[PDB]
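These notes are about the structure you will find just below.
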Amino acid sequence: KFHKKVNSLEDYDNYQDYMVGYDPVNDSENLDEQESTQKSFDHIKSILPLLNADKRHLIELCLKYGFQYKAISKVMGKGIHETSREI
DNA sequence: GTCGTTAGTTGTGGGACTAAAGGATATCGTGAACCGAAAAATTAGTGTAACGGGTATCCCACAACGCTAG
């Protein structure tokens with residue numbers, strides 16, 4: 001059904017002339033947004049060393065395994081509730 | 001008399017057909033039933049308040065004299 005719901009681009013005469021188009025402005029804007037996000041993350045990384053060591057390691061682990069309160073709690077010693085509160 | 005050769009058809013197949021603009025479509029037919037897969041929702045479990053010195057910072061106010069005698 002899906003493959004029979006798909007037409008052929010040849011049904012439109014000279015489809016390569018007026019269809020299947022893109023604007024590089026969109027690509028440049030997407031890359032600019034990516035750069036903005038990267039700059040924000042670099043700002044956060046630079047702020048990280050100013051925090052307490054335990055809270056810095058909590059975030060560092062949460063950024064390389066990922067908000068895994070259970071596995072972090074067993075790793076740390078604090079419970080699920082305490083570890084979530086500290087995060 | 002018989003077999004290979006050459007030239008002239010004859011039928012058949014493959015390949016061309018300005019430039020500029022524009023550029024919307026509609027798209028049937030049906031057989032059953034059970035099992036497996038994974039994606040989603042529902043449920044079960046733990047909780048602070050002030051205190052001793054001692055010291056880092058903040059705001060907030062004030063001071064930072066002048067003269068006389070031994």
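The way I read the labels, and the way they are meant: chains A, B, ... in the order of the structure tokens, residue 1 as the first residue of every chain, and ligand 1 as the first ligand shown, with later ones counted on from there.
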
Distance-based interface of chain B with chain A, 9 Å, counting only C-alpha atoms (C1' of nucleotides), as number ranges by chain: B: 23, 27, 46

Chain A: residues DSSP assigns to alpha helix (DSSP H), reported as a PyMOL selection string: chain A and resi 15-18+24-47+53-61+69-76+80-86

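Relative to atom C1' of residue B:22, atom CA of residue A:20 is found at 16.4 Å.
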